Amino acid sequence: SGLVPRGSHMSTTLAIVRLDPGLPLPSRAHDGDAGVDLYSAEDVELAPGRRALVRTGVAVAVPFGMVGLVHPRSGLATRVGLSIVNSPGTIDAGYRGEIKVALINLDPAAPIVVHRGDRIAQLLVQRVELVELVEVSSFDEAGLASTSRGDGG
């Protein structure tokens, strides 16, 4: 329906330009899914170990105070070793260019064929803290020293 539901009265609008209108709008595969699936605008073959920067045919306007995040899909990751070099890719609120996906073939022997119209990644949108750094001479200064860890990870 065109009626915005009760709880979800503050659902976030994402403006999108289909730079390649031959591709469907990105969509959630199932209700409640965190991401919308991005399509490839191109046919690409990746030999083992090779990477490509693949156009998705879309540009978005992530709201200020938020971030878009490009995540790999789990099925292709396991079945053929498809990954994303810079995962999770960070799409900034001021970016108005085309979203591109840095696919890489992490299989040792079998090439990966991507066809135009395949779903090759997923886009999440989340709030981000735009932090103000405060340089301190030590954490005790800031009142932040004794912790559950310390300088240990």
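Residues carry their position along the shown sequence, with the first being 1. Rigid core: the largest C-alpha set superposing within 1.5 Å between the two forms.
Once the structures in 7 other deposited structures of this protein are superposed via the core, the pair 81-89 and 26-34 is resolved in favour of 26-34 as the more displaced stretch (C-alpha RMS). Look at the C-alpha B-factors of 128-136 and of 141-149. On average they run higher in 141-149.
Judged by mean Cα B factor in the deposited record, 24-32 ranks above the other of 49-57 and 24-32.
Of the candidates 44, 62, 69, 102, the deposited coordinates give 44 the top C-alpha B factor.
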